[PDB]
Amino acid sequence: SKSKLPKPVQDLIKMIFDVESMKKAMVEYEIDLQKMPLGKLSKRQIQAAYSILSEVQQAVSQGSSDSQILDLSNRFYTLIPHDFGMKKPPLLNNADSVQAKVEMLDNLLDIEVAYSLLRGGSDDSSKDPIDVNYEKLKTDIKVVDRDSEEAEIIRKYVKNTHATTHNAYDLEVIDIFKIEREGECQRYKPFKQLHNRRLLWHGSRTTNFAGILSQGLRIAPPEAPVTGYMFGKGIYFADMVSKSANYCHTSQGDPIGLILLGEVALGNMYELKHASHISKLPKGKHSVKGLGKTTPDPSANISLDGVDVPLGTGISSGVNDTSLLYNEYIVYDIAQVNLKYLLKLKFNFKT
């Protein structure tokens, strides 16, 4: 049998479960596909390299010698085979060297989630593989009509929050999906009535969406170093579409990406101007608002199904000495997010 699902839904299911895209991401990460193939990828190996990556960071900012650093850098490449042939692996002597590797392991974990959904389960050639894979996501995906309503808010949000400093590409909304993860509304119940509930952006590689749609937006594991992130381990969001879009890691050789819209219950925000590698929020706070120089016009804030949408054009926030050009929002409890929409975007590069 053939799939009765709409074509935009089918193309989304093909895109996210692409085994060759998963392999392509792993080569970009310099991983030896002979010693660490796609099917031989494991959660406990990634957890183990995270612990050694925490040990590298523990020594980089503790002013350790380049010889004490080397031993720890080499130990990381032992647990995660990198394809460098018979050459010594690049040394991980700086802070950005480590964050890149902590980000690689976050993306490797969700590739394992995607592949394990696919490789697990049952084999039946009479069923359409697109219909099979869609069911694995345990999510209801519906196409949002362009002549609606909610599609005009979403399109306004995209058109109005593209920053001038992200002018190397333009965006085109290909398809707008309304998404409903099974059990999410119920997980959201303690936060459904909270104050400061906002419709915010979240960008990610297309290789993480089988795990995002199946498991929801998650926080990094305990093995991951908190210093490997600006505001520690939480779920990050932007009010500027282009800030999140930059996280799609789309290029000229891959201009199609996916971005999420989620209802985030922020409540009592712990405003910050500079990096803070927090483990937990201060008493009484529910989120971190990283204050940026530019912010969407607060007078232009709209309401979509009781949630505030910050779709105004960017203006000066009035924030003094801040490390951020634009805002970011971090929640440290997965239950504080309700994924509403999923967009397919075409990145039109000017570069």
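For every residue, the number given is its place in the sequence shown, counted from 1. Between two forms, the rigid core is the largest collection of C-alphas that superpose within 1.5 Å.
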query	finding
Greater Cα displacement in 4 other deposited structures of this protein once the core is superposed, comparing 32 to 40 with 307 to 315	32 to 40
Comparing 46 to 54 and 66 to 74 where Cα RMS over structures and residues is taken in 4 other deposited structures of this protein (core fit), larger one	66 to 74
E180: gap in at least one third of other compared structures	no
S122 dropped from a third or more of the other entries of this protein	yes
Stretch with the higher entry mean CA B-factor, where the candidates are 58 to 66 and 279 to 287	58 to 66
Greater mean Cα temperature factor according to the PDB record, 95 to 103 or 153 to 161	95 to 103
Among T206, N167, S148, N246 - the residue whose C-alpha B-factor is largest in the record	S148
Residue selected from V309, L325, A48, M36 by maximal Cα B factor	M36
CA B-factor ranking of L72, expressed as a third of its chain	middle
Assigned third (lowest, middle, highest) for the C-alpha B factor of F84	highest
Chain-relative CA temperature factor third for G120	highest
Entry-reported Cα temperature factor of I212, expressed as the chain third it lands in	lowest
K127, C-alpha B-factor rank within chain (lowest, middle or highest third)	highest
